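Structure, as structure tokens:
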Amino acid sequence: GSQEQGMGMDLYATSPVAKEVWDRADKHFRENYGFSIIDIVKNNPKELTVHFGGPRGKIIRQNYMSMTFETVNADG
Amino acid sequence: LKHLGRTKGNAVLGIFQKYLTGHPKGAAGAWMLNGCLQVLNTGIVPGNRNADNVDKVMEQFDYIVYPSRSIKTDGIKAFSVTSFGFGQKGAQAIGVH
Amino acid sequence: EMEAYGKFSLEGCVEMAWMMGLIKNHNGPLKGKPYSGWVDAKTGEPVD
Amino acid sequence: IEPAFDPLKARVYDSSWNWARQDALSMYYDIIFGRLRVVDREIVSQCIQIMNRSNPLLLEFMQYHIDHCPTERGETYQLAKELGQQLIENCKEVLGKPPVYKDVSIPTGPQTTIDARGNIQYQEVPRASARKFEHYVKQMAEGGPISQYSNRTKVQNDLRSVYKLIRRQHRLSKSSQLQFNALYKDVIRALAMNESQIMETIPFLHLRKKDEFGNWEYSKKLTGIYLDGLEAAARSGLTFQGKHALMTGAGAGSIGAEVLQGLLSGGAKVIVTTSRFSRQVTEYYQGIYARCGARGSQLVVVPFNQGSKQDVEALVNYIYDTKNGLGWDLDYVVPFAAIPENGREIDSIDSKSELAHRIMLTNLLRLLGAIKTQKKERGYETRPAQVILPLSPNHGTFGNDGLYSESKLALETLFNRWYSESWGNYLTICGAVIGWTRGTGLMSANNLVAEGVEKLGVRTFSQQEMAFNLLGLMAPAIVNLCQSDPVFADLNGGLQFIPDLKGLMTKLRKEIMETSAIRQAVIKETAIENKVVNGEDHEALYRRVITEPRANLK
Amino acid sequence: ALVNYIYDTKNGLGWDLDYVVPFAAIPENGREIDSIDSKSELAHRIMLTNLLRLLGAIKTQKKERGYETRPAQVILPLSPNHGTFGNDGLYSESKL
Amino acid sequence: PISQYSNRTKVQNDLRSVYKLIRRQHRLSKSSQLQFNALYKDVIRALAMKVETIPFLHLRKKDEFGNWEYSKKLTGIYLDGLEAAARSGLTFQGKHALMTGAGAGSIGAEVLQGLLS
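Protein chains in written order, with the deposited numbering: chain E, 1698 to 1773; chain H, 1542 to 1638; chain S, 1013 to 1060; chain Z, 387 to 585, 610 to 964; chain R, 724 to 819; chain D, 531 to 579, 608 to 675.
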């Protein structure tokens, strides 16, 4: 609820510590889910799309495919 | 067209003679009326060549369709030449074959 | 013609060419030998 | 080299919806007047497009005009209402479903004819043995006698399956199997290193792969995958939905032009560059989009001049600018920018040639180069852009190229650069050696002889065909091959097997021009003979009096 | 111009060429298609376009001067490595 | 050792012992032994039915399909004069040559002195 655009980005620039955190995070997100949370935070997109391109791209959709979700039937 | 009961899906071919002739400040309708009286007697509804790419806003308007090349039809029954002007001057005329 | 067909017929050209003043009807001797019909307004010559 | 690109001139075409209803209502009256018979493949083509832009609102507008159709007037009004309802139903089962490029035309060939009165003419006649494009794909993929499996290519593909057999049947000791490929490798190497001591067909359209010694030998494995999608294309159709592409050289009446309409029939957004930015050309493209613009598609025409370094690096930024640009990211790049340097040997590499070679090579590389860095900077990593490199079969086999071949051959260095330099991820290379393509209303020089050369058992292509072929490498199938490894695509009509083609055509060039010359010369001769013998008066008063049209203003 | 110094009978040194050994070259080391700079374009003009024009000039000279039965041998410096190495930067493209 | 290739002779003598060994082992269905024999015959046809190397310096000639394959015939003539050069020496008397790129300490520089001698 308190998420504001660009939050904690000022601190990003001024702290070599906080910097590396966001980096290791983005590094992950980009190379695994194909997007950057830093971007999403900096400039808020009303829409954003990822792309399962070459070698490094096929491996991403792999994660999108390997997303499991549980709901049981009314008969068990 | 809507509030009179126009059957949905039945659009009107829209003419914009201004692309070709420009806008004669005051003798506007006179030319447009001739346009229709000519269509009436040929069934040829002349397209609008400068209709580059019609504004997305115009999609909302079910009952109107904007021709960008001439259509030869079986014939036309009635037409509506409407026009506007400065000082809240609005005038519409209907013609019948 | 223009609004509908998109170009001038031969009939249309002659009409425009007449009002624009590029051709006028002539009927009498033209360089001796008689002649009638369309003539170039500029060059007094005849035009087919 | 004077810059020409200017964002303020950029024109955008995207109103698929309105054009649909137009072509729709346009076709209805077409049937009723008999401009269209159920014969003409045309009615089909048109129908597909109308399906390609299926809107709920379109259906309403469709049905009304069909329901209240007066059938009690003519067979045509009925024939309409029928074909209409058929279509309305079609469009219903396509709503939402991705739009497709499907070529439905009648595959056609070259037919040059010499009059009894010496007149030379060249038509395009339907191919006597192909009706649909499926017939085309097959006919291609089959091959021809003239493309005989050469000794080495046979020795190789044979030892191939001997291995695949011995291998995939595990019951020989690994002493023997291990010592089989030993004696197998030996044979392959020896063939490669000294072919001279040691020593069915080839598709018309195949892909090749790289030898250990950087050689492009036929690879049935790939040629399969390509010609396979190439089939499924002609059958069910091929889509481009959601993809973005840049296209330079897409002038009117060109290979690029056709390829364009292709991607436009898919959901493709393309940006087309023109070096003659006039209303006339503005129109042409909007014309194209009115007819090929499937929902989702977009056409952006722009003035551009690939002779300009700035233009290049500027165009690229219009494409990628989030704020004032059109903020895309490119999926295809189709660099067909070209100048006719016809007429010059190394004898004289004039201004034009140097210019041409800068448009065709240096700035081509810079165009790709710009696209890359754009992606690299904007973090666009997992979405490579496929580059349909227009290579050529004829590296100076023909005369007077004048810096032409030199450009086209150089391009091929890209094949290796993909591996060595660091743009692997952002750009992929798809070398497409385009073959002989006779061109409508363009030059008849390459068309008068087109027929005679096919007679040697080899294929020339119409524009529409070669575009189909190209869009083939655009297909999802092949794209993924590129993302791992560059693709060679011999789309030459198997003319590789006609040696001294330069010489062949130059012979045919003569004979044709020669017989016509004789034929019409003789006529003039015998015409003059009659004026002598019969006299001015006689011959004069016996010539067909063709009336000269006048104008009556009814 | 060089070509005419070589072939001018009057004020030139009035030769006719037997060998031509075109090893004109510029070190374009360091650049990928990433960036074809000025240097590269220059280099590529020295190494390809003007190389061809050099030969071309020599030819027409002989052709005009009736020097028919004495061809000039051109030791084209080609290369084994058509972009197998990185950073050629318009190099390979010339040599190929 | 790197430019190793086998003579036509080896290629067949190798094709022998492979067949003799795969065959006199009898583990394959008569289907596989049948078409193994099929494919073996084609191979032996197209080939019309000793270790060798490549000279570090050879000339090539053009295949019907514009390919530059080793041509011992030429490589001979070249490496032959190349020998007679190192022995008795090579002359350039009476010949004229233009040389661009002959900067100091360069391949061209050396070649220059050659023609000058």
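Don't be surprised by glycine CBs; every beta carbon is placed ideally from N, CA and C.
Taking every protein chain shown into account, the CB of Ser815/R has 16 or more other CB atoms within 10 angstroms, so this residue is buried. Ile1617/H sits in coil when the DSSP states are folded into three classes, being neither helix nor strand. According to the DSSP secondary-structure assignment, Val744/R is paired through a beta bridge with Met657/D. The beta carbon of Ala855/Z is closer than 8 Å to those of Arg919 in its chain, skipping five residues each way along the sequence.
Inter-segment contact for the segment 756 to 764 of chain Z and the segment 773 to 793 of chain R is present: three or more beta-carbon pairs are separated by less than 8 Å.
Residue burial annotation: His805/R is buried, with at least 16 other C-beta atoms found within 10 angstroms of its C-beta. In chain order, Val1738, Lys1739 place their CB closer than 7 Å to the CB of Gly1703/E, counting only its own chain and leaving out the 5 sequence neighbours on each side. Proximity of chain Z to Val1026/S at the Cβ level (cut-off 8 Å) is accounted for by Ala961, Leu963, in chain order. About 4 Å separates the CB atoms of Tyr399/Z and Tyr699/Z; that is less than 8 Å, so the two are in contact.
For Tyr508/Z, the enclosing beta strand (DSSP E) begins and ends at 506 to 512. By a beta-carbon distance limit of 8 Å, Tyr415/Z does not contact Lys1618/H. Their separation comes to about 15 Å. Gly1750/E is a Cβ neighbour of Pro794/Z, given a cutoff of 9 Å.
The beta carbon of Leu564/Z sits closer than 8 Å to no other beta carbon from its chain once the five residues preceding and following it are set aside. Sorting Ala704/Z, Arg557/Z, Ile956/Z by C-alpha distance to the C-alpha of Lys483/Z places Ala704/Z at the top. Under a 10 Å Cβ-count criterion, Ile956/Z is classified as exposed, with fewer than 16 other Cβ atoms of the shown protein chains found around its own Cβ.
In the DSSP assignment, the residues bridged to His616/Z are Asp900/Z.
In this structure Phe825/Z does not touch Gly845/Z by the C-beta definition: roughly 19 Å separates them, more than the 8 Å allowed. Ranked by Cα distance from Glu751/Z, the options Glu764/Z, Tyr742/Z, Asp739/Z are led by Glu764/Z. Distance from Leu577/D to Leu637/D at the Cβ level is roughly 28 Å; contact not present, criterion being Cβ atoms closer than 8 Å.
For the C-beta of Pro745/R, the chain D residues within less than 8 Å are, from N- to C-terminus, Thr658, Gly659. Distance check between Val843/Z and each of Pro803/Z, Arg686/Z, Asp409/Z places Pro803/Z closest, using alpha-carbon atoms only. Bounds of any alpha helix (DSSP H) do not take in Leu394/Z, whose DSSP letter is neither H nor E. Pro713/Z: not part of any alpha helix (DSSP H); member of the beta strand (DSSP E) spanning 708 to 713, first to last residue. Residue contact with chain Z for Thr1562/H: absent (no Cβ-Cβ distance below 9 Å to any residue of chain Z). The segment 487 to 500 of chain Z and the segment 430 to 448 of chain Z touch, with three or more beta-carbon pairs separated by less than 8 Å. Ranked by how close their Cα comes to the Cα of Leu736/Z, the residues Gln874/Z, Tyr508/Z, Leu709/Z have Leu709/Z in first place. In this structure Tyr628/Z touches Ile612/Z by the C-beta definition: roughly 6 Å separates them, less than 8 Å. By the Cβ-count criterion, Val1606/H is buried, with 16 or more other Cβ atoms from all chains shown falling within 10 Å of its own Cβ. Just measuring C-alpha positions, the residue of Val1769/E, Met1706/E, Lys1724/E sitting nearest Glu791/Z is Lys1724/E.
When the five nearest sequence neighbours on each side are left out, the beta carbons in the same chain lying within less than 7 Å of the beta carbon of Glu949/Z are those of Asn940, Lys941, in order along the chain. Counting every other CB atom within 10 Å of its CB across the protein chains shown gives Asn810/Z a total below 16, marking it as exposed. Using a CB distance below 8 Å, the part of the segment 1564 to 1577 of chain H facing chain S consists of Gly1576, ordered along the chain.
A Cβ of chain Z is located within less than 9 Å of the beta carbon of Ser1021/S. The DSSP-derived three-state label of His521/Z is helix. The beta carbons of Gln874/Z and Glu668/Z sit closer together than 9 Å. Close to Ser629/Z, with beta-carbon spacing below 9 Å, lies no residue of chain E; the smallest spacing is near 20 Å.
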